[PDB]
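Okay, structure first, notes after.
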Amino acid sequence: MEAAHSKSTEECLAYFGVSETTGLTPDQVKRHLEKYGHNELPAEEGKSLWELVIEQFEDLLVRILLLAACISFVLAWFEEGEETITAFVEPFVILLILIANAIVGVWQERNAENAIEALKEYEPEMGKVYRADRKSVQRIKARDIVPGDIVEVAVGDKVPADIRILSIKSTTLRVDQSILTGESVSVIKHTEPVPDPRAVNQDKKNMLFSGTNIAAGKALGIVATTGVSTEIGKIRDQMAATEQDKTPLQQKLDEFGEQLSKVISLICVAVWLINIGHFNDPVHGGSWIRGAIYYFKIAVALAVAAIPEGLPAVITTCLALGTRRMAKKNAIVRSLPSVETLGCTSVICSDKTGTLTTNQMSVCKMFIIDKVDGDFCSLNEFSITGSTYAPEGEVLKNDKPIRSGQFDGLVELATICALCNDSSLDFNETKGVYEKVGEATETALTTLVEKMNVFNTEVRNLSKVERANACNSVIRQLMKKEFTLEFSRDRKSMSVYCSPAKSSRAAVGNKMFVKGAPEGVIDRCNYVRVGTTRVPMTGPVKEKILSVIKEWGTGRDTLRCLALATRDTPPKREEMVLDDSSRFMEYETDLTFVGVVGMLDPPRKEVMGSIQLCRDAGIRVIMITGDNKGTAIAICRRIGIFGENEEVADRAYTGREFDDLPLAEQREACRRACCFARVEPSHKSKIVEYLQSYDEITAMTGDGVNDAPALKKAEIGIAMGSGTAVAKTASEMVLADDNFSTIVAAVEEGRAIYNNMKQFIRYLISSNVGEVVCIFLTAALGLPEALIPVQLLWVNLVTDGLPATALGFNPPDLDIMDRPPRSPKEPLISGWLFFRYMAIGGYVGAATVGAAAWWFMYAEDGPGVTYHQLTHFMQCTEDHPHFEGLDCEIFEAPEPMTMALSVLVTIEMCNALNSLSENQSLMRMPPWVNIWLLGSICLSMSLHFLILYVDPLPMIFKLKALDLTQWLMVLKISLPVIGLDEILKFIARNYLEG
Ligand SMILES: C/C=C(/C)C(=O)O[C@H]1C(C)=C2[C@H]([C@@H]1OC(=O)CCCCCCC)[C@@](C)(OC(C)=O)C[C@H](OC(=O)CCC)[C@@]1(O)[C@H]2OC(=O)[C@@]1(C)O
Ligand SMILES: Nc1ncnc2c1ncn2[C@@H]1O[C@H](COP(=O)(O)O)[C@H]2OC3(O[C@H]21)C([N+](=O)[O-])=CC([N+](=O)[O-])C=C3[N+](=O)[O-]
Ligand code: BEF
Ligand SMILES: [Mg+2]
Ligand code: NA
């Protein structure tokens with residue numbers, strides 16, 4: 001029964017045809033289960049461990065690198081006895097690499113959690129219902145609950161389903177709905193209907209929502225909805241219905257392939273066009289047996305040299321190391337991609353309650369009377385440190401620590417806090433954290449008492465569990481609580497009646513300890529306590545008290561204040577009637593005022609500095625909360641989002657004012673406003689959507705169910721370690737630490753990561769261009785193969801893969817976080833740089849092929865074959881006279897390729913150094929600036945002389961150790977590349993905005 005909030009209590013019973021006294025009959029239960037299904041969320045499952053392998057080989061590059069491996073495989077057996085010794089090595093290694101990078105991607109996906117399986121960690125286990133079955137309440141599986149059921153809930157219980165309240169048993173019912181609505185203060189519920197059908201959760205004051213918990217009281221209600229129809233059920237669907245795009249870097253890597261593929265097939269044809277000459281030379285030798293063998297031997301060499309076979313490894317390795325570093329900050333990164341994406345973050349949307357704040361009522365201010373002298377009244381004001389329920393913090397006076405016990409007024413304040421209180425504090429030994437037990441407001445008082453420790457109780461030698469009630473416990477033994485007059489809306493105060501317990505102060509007689517909203521309590525005070533004695537309440541005194549009360553309840557404070565008072569001479573229990581709260585106020589009269597406490601849902605310590613760092617990095621921080629505006633804004637001020645006295649004219653909006661804005665204005669609002677209060681889950685997602693529409697990489701920070709939609713939608717979702725399950729599964733990152741400032745570090749990390757990735761991506765793709773030129777040139781000049789895939793792979797995976805990683809360790813700039821985020825659309829290579837790699841590439845194809853042909857024409861120990869006898873090395877056998885001189889198999893010599901490869905390797909090493917900086921000269925930015933790179937070079941070159949000496953290698957790689965003189969040539973051919981780039985860089989810096 002949706003809309004049950006607008007219907008009356010009888011209308012809801014009628015609607016389900018159930019009795020409030022007995023509850024559904026087992027027959028009805030069976031019928032409702034039939035018509036409504038169990039109270040749970042369907043298991044969210046998709047893409048098994050095998051479905052990934054499927055989409056794994058969907059990568060265009062892979063398919064091409066695979067479609068090529070098939071060709072190379074056919075060309076393995078078609079090899080006569082001369083090189084059929086390693087004829088199957090190539091077609092295999094190519095595949096072996098397709099398998100490696102295959103599981104490389106699966107490893108970066110398999111490691112994922114389950115959303116719905118985590119949601120059950122939030123979905124209540126059991127529930128309490130009354131069914132015709134038995135008179136007594138029955139605890140059952142919360143999943144077996146059905147609409148129409150009569151449910152009972154009491155303090156500490158987790159509401160099991162969306163429930164229409166029928167009758168409140170306690171004097172009042174307070175409910176903590178922060179996980180769903182984001183409200184920082186428990187909610188006082190009622191049973192009257194809520195007229196407006198368009199009412200939002202924060203307005204449904206006669207409803208109880210599944211997942212929330214009871215802060216105080218006992219109530220009976222009727223289930224309105226269950227399963228996916230519950231408020232949290234809806235939000236879980238919103239979450240499942242949100243789409244996410246690929247990583248901008250991934251979209252960039254895909255487009256690259258989409259284009260690379262068009263180029264490959266474009267070159268395969270461009271070179272094919274230069275083969276019409278076969279249909280002219282009067283000669284035959286292989287129709288459908290060899291009349292197209294040499295073609296597919298290069299076609300594969302093209303696909304191998306055009307693809308950076310080692311990019312996935314370098315990328316995964318870089319990301320993984322990044323994630324490891326993040327972990328050291330207690331930042332658990334779920335998705336490796338977001339590791340880098342975090343660097344382009346331009347906006348950080350952030351939830352308030354539990355995310356920006358601790359969501360743990362904390363008393364940070366209190367005061368008692370110092371002295372009274374006629375019209376003169378001074379107050380002892382103190383502040384308290386600590387923003388959680390942990391009994392950790394100190395009481396200060398004028399910014400300096402003091403012993404509360406040395407103040408008689410404080411001893412009493414603490415005593416009222418410990419006794420006029422129905423809640424307590426606890427240490428969850430499981431979650432390893434202090435939790436409230438009962439009302440947040442009352443627990444704040446409990447931890448206040450533990451901090452004050454007025455009796456200097458020994459607590460250093462205690463365990464976390466015992467430490468939670470040591471002081472409170474000491475005070476609970478001084479007085480015996482006879483009865484308590486629970487809180488009521490009219491009076492707006494609460495009190496307990498106590499009698500002396502110990503035989504130390506049995507002459508003090510019965511006392512009444514009161515607490516409540518300031519005004520009422522004070523107006524009922526005839527006396528004021530000064531230390532241990534008492535003076536009458538006078539105007540001057542009252543005015544001074546209220547004025548300070550006013551200061552805290554507004555302005556820079558905007559704290560929640562409670563006054564603490566005690567009735568020195570309370571009525572006798574006999575002359576009192578305790579079954580009606582309408583009489584309570586009168587018993588809580590003629591009171592002696594003792595003090596006041598100021599409390600609030602505190603911002604996490606590291607937030608203010610965090611936001612200041614973001615501003616310097618050109619990153620906006622927007623608050624998106626479900627809580628009311630007054631509080632939303634008060635925190636914005638306290639953390640730097642708004643100035644202490646700034647006029648939040650058009651910069652703060654409620655979920656409604658927002659809606660009253662036309663989409664245009666709405667959209668614009670997301671770029672101006674920094675605070676959105678009384679918003680709903682979809683409002684958060686919408687806001688995030690607007691931002692992204694402006695091409696802004698947005699992050700979202702949250703803890704509650706109400707944050708899940710926006711967290712998933714965000715390029716980078718960030719969840720608090722102490723937040724809900726849904727929120728954590730919808731995030732790529734989790735601050736198990738709850739330290740909001742780890743975000744700024746993660747961003748910094750991400751920026752250093754992005755720059756380094758850009759650099760090594762460029763490096764690898766760069767040599768790929770030159771490699772393709774070398775293959776092209778040879779396939780064009782008719783010249784023999786200077787480089788073969790067996791060599792291209794080793795270099796693309798090892799020789800270069802190593803320096804590329806060392807570039808991932810490129811030190812970040814000194815102002816890495818003193819500049820704005822770079823655009824997502826920003827291309828990695830274009831404009832000048834496109835030309836630079838265009839030239840470097842060309843220089844490589846020419847150098848490698850030229851180094852080969854050089855050995856084939858000028859090597860003092862090589863054939864002096866003419867350029868013509870090289871371009872026509874094929875017809876060497878038949879037309880032997882034209883090539884009268886040596887052996888026709890010299891065109892398969894390792895020296896030429898080794899010459900070409902050794903030039904390639906050396907050029908890349910040189911290009912590695914050129915890649916340390918996009919436009920900075922090796923003069924301005926020394927090579928040793930990155931020691932790791934220098935190492936990767938020595939290690940790459942060693943892995944080279946290794947491939948030229950260890951027999952098993954030079955054999956399969958078709959190589960042969962070069963002369964100590966041939967190297968001198970490789971050097972002369974290679975080194976200059978440093979000069980070429982040094983020049984291209986120079987042009988960019990000076991005669992360009994480089
Ligand atoms: C891997 C090797 C090669 C040679 C390749 O075909 O790369 C092209 C290509 C697909 C792009 C180009 C290459 O295009 C050319 O070099 C022009 C044609 C001349 C070839 C003639 C044959 C002798 C990149 C490599 O080259 C230069 C030299 O500037 C730069 C850049 O790529 C990147 O920024 C990498 C993205 C991960 C891309 O223009 C890119 O296409 C895009 O959409 C981009 C935006 O991606
Ligand atoms: N709609 C309401 N109807 C009646 N009382 C309300 C309402 N809203 C808030 N209150 C009471 O007004 C206070 C906020 O107003 P300031 O700080 O600005 O002066 C609130 O403090 C406590 O109940 C609240 C409370 N609590 O959880 O919210 C718990 C209490 N307790 O048992 O410990 C006591 C409250 N109290 O007021 O005494
Ligand atoms: F929990 Be919030 F601030 F929406
Ligand atoms: Mg929240
Ligand atoms: Na996300």
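Which whole-number percentage describes the relative contact order of the chain, with Cα contacts under 8 Å and a sequence gap of 6 or more?
12
Sort out for me the Cα centre separation of segment 875-921 from segment 306-378, rounded to whole Å.
54
Among 649-656, 683-690, 91-98, 350-357, how do they line up by average Cβ neighbours within 10 Å per residue, starting with the highest?
Top to bottom by mean Cβ count within 10 Å: 350-357, 683-690, 91-98, 649-656.
In whole Å, what is the distance between the alpha-carbon centres of segment 823-847 and segment 259-282?
What the calculation gives is 24 Å, centre to centre.
Show that you can apply the helix-only estimate: for the chain, add -39,500 (n - 2.57) for every DSSP H stretch of four or more residues, divide by all residues, and state [θ] at 222 nm to the nearest 500.
-12500 deg cm²/dmol
7 Å from Cα along Cα→Cβ at both residue 737 and residue 241: what's the point-to-point distance in nm?
Those two pseudo-labels are separated by 3.8 nm.
Evaluate the relative contact order of segment 359-602 (contact order divided by residue number), counting alpha-carbon pairs under 8 angstrom at least 6 apart; express in whole percent.
This gives 23 percent for segment 359-602.
Which FRET efficiency value, to the nearest 0.05, is calculated for residue 868 and residue 328 with the Förster distance at 56 angstrom and r the Cβ-Cβ distance?
0.30
Which whole-Hz ³J(HN,Hα) couplings does segment 472-477 yield from phi under the Karplus relation 6.51 cos²θ - 1.76 cosθ + 1.60, θ = phi - 60°, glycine and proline marked x?
Karplus values, whole Hz, x for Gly and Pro: 4, 4, 4, 6, 5, 8.
Going 7 Å from the Cα of residue 582 along its beta-carbon direction, which residues of segment 449-491 have the amide nitrogen within less than 20 Å of the resulting point?
Only 485-491 fall inside the zone, counting backbone N under 20 Å.
For the chain, build the charge dipole from Cβ charges (+1 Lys, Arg; -1 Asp, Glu) around the Cα centre, then report which of 389, 670, 52 sits farthest towards its positive end.
Most positive-ward Cα: 389.
Taking the Cα centre of segment 359-602 as origin, sum charge times position over the Cβ atoms of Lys and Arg (+1) and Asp and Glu (-1), and report the length of that vector in debye to the nearest 20.
Charge dipole, segment 359-602, about its Cα centre: 420 debye, nearest 20.
Shape call for segment 359-602 from the C-alpha gyration tensor, a ≥ b ≥ c root eigenvalues: rounded (a/c under 1.5), prolate (a/b greater than b/c) or oblate?
rounded
Taking 7 Å along the Cα-to-C-beta vector as the label spot, tell me the residue 942-residue 400 distance in nanometres, rounded to one decimal.
6.3
Just to confirm the number: angle between the C-alpha axis of helix 894-914 and the first principal axis of the chain, 0 to 90 degrees, nearest 10?
The angle comes out near 30 degrees.
Write out the chymotrypsin sites (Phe, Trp or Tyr not before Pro) in segment 269-327 meeting two conditions: DSSP loop, and at most 15 other Cβ atoms within 10 Å of their Cβ.
Passing both the DSSP loop test and the Cβ count: 288.
Too long at a 20 Å Cα-Cα cut-off: which of 218/728; 47/141; 515/550?
Over 20 Å Cα-Cα: 218/728; 47/141.
Would you mind pulling out the separation of the Cα centroids of segment 115-192 and segment 555-595, in Å?
Centre-to-centre (Cα) distance: 31 Å.
Please sort 509-520, 542-553, 109-120 by packing, taking for each peptide the average over its residues of neighbouring beta carbons within 10 angstrom, highest first.
Packing order, densest peptide first, comes out as 509-520, 542-553, 109-120.
Among 975, 559, 904, which comes first, second and so on when ranked by fewest other beta-carbon atoms within 10 Å?
975, 559, 904
Based on the Cβ-Cβ distance from residue 133 to residue 48, what FRET efficiency comes out when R0 is 51 Å, to the nearest 0.05?
0.75
I'd like the orientation of helix 681-693 relative to the chain: the angle between its Cα long axis and the longest Cα principal axis, in ° from 0 to 90, rounded to 10.
Roughly 30 degrees, rounded to the nearest 10.
I need the peptides 448-459, 204-215, 917-928, 839-850 ranked by packing, meaning the mean over residues of other C-beta atoms within 10 angstrom, with the highest value on top.
For the peptides 448-459, 204-215, 917-928, 839-850, the packing ranking is 204-215, 839-850, 448-459, 917-928.
Along the charge dipole of the chain, pointing to its positive end and built from +1/-1 on Cβ of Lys, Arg, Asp and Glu, which listed residue (622, 970, 548) has its Cα farthest out?
548
Between the helical axis of 976-989 and the dominant principal axis of the chain, each derived from Cα atoms, what acute angle in degrees is found, rounded to the nearest 10?
Computed tilt is about 50 degrees.
Roughly what % of DSSP beta bridges within the chain run antiparallel, to the nearest 5?
In the chain, DSSP labels about 75 percent of beta bridges as antiparallel.
What nm value, rounded to one decimal, do you get for the distance between residue 280 and residue 316 when each label is placed 7 Å out toward the C-beta?
According to this spin-label approximation, the distance is 5.0 nm.
Pull out the extension gain between residue 21 and residue 76, defined as 0.36 nm times the separation in residues minus the alpha carbon to alpha carbon distance; nm, one decimal.
11.3 nm
Can you work out ³J(HN,Hα) from phi for every residue in segment 245-261, in order, using Karplus 6.51 cos²θ - 1.76 cosθ + 1.60 and θ = phi - 60°, giving whole Hz and x for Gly and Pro?
Going residue by residue, I get 7, 6, 4, x, 6, 6, 5, 6, 6, 6, 3, 4, x, 3, 7, 4, 5 Hz, with x marking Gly and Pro.
Evaluate the charge dipole of the chain about its Cα centre and quote only its size in Debye, nearest 20, assuming +1 on the Cβ of each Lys and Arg and -1 on the Cβ of each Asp and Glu.
For the chain, the charge dipole is close to 4340 debye.
Using R₀ = 35 Å, calculate the FRET efficiency as 1/(1 + (r/R₀)^6) where r is the Cβ-Cβ separation of residue 503 and residue 373; round to 0.05.
The computed FRET efficiency comes out at 0.40.
Need the list of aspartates and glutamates near residue 985 for cross-linking: C-alpha distance under 15 angstrom, and skip anything on the same chain fewer than eight residues off.
918, 993
Starting from 0.36 nm per residue, how many nanometres of slack lie between residue 819 and residue 258 once their C-alpha separation is accounted for?
198.7 nm
Step through the table entries 397/605; 436/712; 204/431, compare each Cα-Cα distance with 22 Å, and write down the pairs that go over it.
The pairs that break the limit, which is 22 Å between Cα atoms, are 436/712; 204/431.
Which of the pairs 120/169; 481/572; 329/758; 189/492; 352/629 have their Cα atoms more than 19 Å apart in this structure?
Going by Cα-Cα distance, 120/169; 329/758 fall outside the 19 Å limit.
Reachable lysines from residue 960, Cα under 30 Å, same-chain residues fewer than 8 places away excluded?
297, 972
Report, in debye and to the nearest 20, how large the dipole of segment 887-992 comes out about its Cα centre when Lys and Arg carry +1 and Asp and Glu carry -1 on their Cβ.
I would put it at about 540 debye.
Between residue 925 and residue 649, what length in nm is gained on full extension when 0.36 nm per residue of separation is reduced by their alpha carbon distance?
The residue 925-residue 649 span can extend by a further 94.5 nm.
No Cβ is skipped: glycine too gets one built from the backbone with ideal geometry, and neighbour counts run over all protein chains shown. The numbers here are math on the coordinates, done by the rules we state, and not lab data.
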